[PDB]
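Protein chains get the first letters and strands the later ones, always in sequence-line order, with residue 1 at the start of each.
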Amino acid sequence: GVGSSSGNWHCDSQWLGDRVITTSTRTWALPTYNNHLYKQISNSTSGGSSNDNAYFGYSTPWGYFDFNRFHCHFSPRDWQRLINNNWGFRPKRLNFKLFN
Amino acid sequence: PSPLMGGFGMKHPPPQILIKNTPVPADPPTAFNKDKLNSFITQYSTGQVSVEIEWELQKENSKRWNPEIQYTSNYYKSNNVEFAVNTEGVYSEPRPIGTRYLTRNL
């Protein structure tokens, strides 16, 4: 419905023995890209360059979600906990939500 | 009643443990004498002692964003390693270490 929220703000960390679960929530804005068009791009369209910098490709009207950085998930204090107390870590599970 | 030099004050603390070598008399005279014996064999004793203590901990669940202050060793080079032995075999504690590095609100 229009007048009902689709999700809550979840942002904390839980340290559970040999596991740690991080949760992050952020506010995003998405514009219209490319005037809804697909465009061919190249160093020709960028103005030319040397051979080492030539390319050919496409830009799309879509955007994308990226969280491939550690500070997207760990606060500085949580990072301190992790690195001061552990020989190792690795990711196991992921859950992703888009709402409101 | 927290002790003023620091620590835990108890009405029934860990009890005192007392130890002594039993006296072993040297050869007594062959005629009776009522005085207490004054001549003893020179003795001492050695052994192992073990103490095991279980401690309960109270963990932090702080919401502080920035990193805390932590006790750490310093990387800079030195002749000896802190809290180790020297070339002559002597162990030393180079500094006093307290307990108050994490933080809490009032």
Just list the side-chain donor-acceptor pairs under 3.5 Å for residues 20-40 of chain A, sequence neighbours left out, or say none.
| residue | atom | partner | partner atom | Å |
| --- | --- | --- | --- | --- |
| A:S24 | OG | A:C72 | O | 2.7 |
| A:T25 | OG1 | A:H10 | N | 3.1 |
| A:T25 | OG1 | A:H10 | O | 2.5 |
| A:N34 | ND2 | A:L37 | O | 3.0 |
| A:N34 | ND2 | A:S59 | O | 3.4 |
| A:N34 | ND2 | A:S59 | OG | 3.1 |
| A:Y38 | OH | A:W62 | NE1 | 3.3 |

Inset, instruction - Would you mind listing every salt bridge (charged side-chain N to carboxylate O under 4.0 Å, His left out) that reaches into residues 76-88 of chain B, with sequence neighbours excluded? - result: B:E82-B:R95

Inset, instruction - List, by chain and then residue number, the residues other than A:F99 in its hydrophobic cluster (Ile/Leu/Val/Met/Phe/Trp/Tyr, side-chain heavy atoms under 4.5 Å); write none if there are no others. - result: none

Legend entry - Over 12 foreign heavy atoms within 6.0 Å of CD, A:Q14: yes

Inset, instruction - Check whether any side-chain N or O of A:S5 sits under 3.5 Å from a backbone N or O of A:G7 as a donor-acceptor pair, and report yes or no. - result: yes

Legend entry - Side-chain hydrophobic cluster, 4.5 Å single linkage: members besides B:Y91: B:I69, B:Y71, B:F83, B:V85, B:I97, B:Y101

Run the side-chain donor-acceptor check on residues 21-49 of chain B: report pairs under 3.5 Å with partners two or more places apart or on a different chain.
| residue | atom | partner | partner atom | Å |
| --- | --- | --- | --- | --- |
| B:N21 | OD1 | B:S45 | OG | 2.5 |
| B:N33 | OD1 | B:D35 | N | 3.0 |

Inset, instruction - Would you name the heavy atoms of B:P3 and B:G9 that are closest together and state the gap between them? - result: CD-N, 3.4 Å

Inset, instruction - Indicate the atoms forming the closest heavy-atom contact of B:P67 with B:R64, along with that distance. - result: O-NH2, 3.1 Å

Identify each donor-acceptor pair in which a side-chain atom of residues 46-55 of chain A lies under 3.5 Å from a protein atom, sequence neighbours left out, and give them as a table.
| residue | atom | partner | partner atom | Å |
| --- | --- | --- | --- | --- |
| A:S46 | OG | A:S42 | O | 3.3 |
| A:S46 | OG | A:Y55 | OH | 2.3 |

Legend entry - B:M10 side, atom CE; B:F8 side, atom CZ - distance, nearest 0.5 Å: 9.0 Å

Inset, instruction - List for me each residue that meets side-chain contact (heavy atoms from CB on, under 4.5 Å) alongside A:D66, sequence neighbours excluded, and say none if there are none. - result: A:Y64, A:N68

Inset, instruction - Kindly give the cluster partners of B:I19, where membership spreads through any ILVMFWY side chain lying under 4.5 Å from a current member. - result: none

Legend entry - B:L18: side-chain contact (heavy atoms from CB on, under 4.5 Å) partners, not counting sequence neighbours: none

Inset, instruction - Check the angle between the aromatic planes of A:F56 and A:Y58 and answer parallel, tilted or perpendicular using the 30° and 60° thresholds. - result: perpendicular

Inset, instruction - Please write out which residues are connected to B:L106 in a hydrophobic cluster, directly or through intermediates, given that two of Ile, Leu, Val, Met, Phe, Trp, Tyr count as joined at side-chain heavy-atom separations below 4.5 angstrom. - result: none

Check: residues 76-98 of chain A side-chain donor-acceptor pairs under 3.5 Å, at least two apart:
| residue | atom | partner | partner atom | Å |
| --- | --- | --- | --- | --- |
| A:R77 | NH1 | A:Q80 | OE1 | 2.8 |
| A:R77 | NH2 | B:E60 | OE2 | 3.2 |
| A:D78 | OD1 | A:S13 | OG | 2.9 |
| A:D78 | OD1 | A:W15 | NE1 | 2.8 |
| A:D78 | OD1 | A:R81 | NH1 | 2.8 |
| A:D78 | OD2 | A:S13 | OG | 3.2 |
| A:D78 | OD2 | A:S75 | OG | 3.1 |
| A:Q80 | OE1 | B:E68 | N | 2.8 |
| A:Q80 | NE2 | B:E68 | O | 2.9 |
| A:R81 | NE | B:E60 | OE2 | 2.7 |
| A:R81 | NH2 | B:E60 | OE1 | 3.1 |
| A:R81 | NH2 | B:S62 | O | 3.3 |
| A:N84 | ND2 | B:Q70 | OE1 | 3.0 |
| A:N85 | ND2 | A:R81 | O | 2.8 |
| A:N86 | ND2 | A:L82 | O | 3.1 |
| A:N95 | OD1 | A:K97 | NZ | 3.1 |

Inset, instruction - Apply side-chain contact (heavy atoms from CB on, under 4.5 Å) to B:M5 and list each qualifying residue two or more places apart in sequence or on a separate chain. - result: none

Inset, instruction - Measure the spacing between CG of A:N8 and CG of A:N100 and express it to the nearest 0.5 Å. - result: 8.0 Å

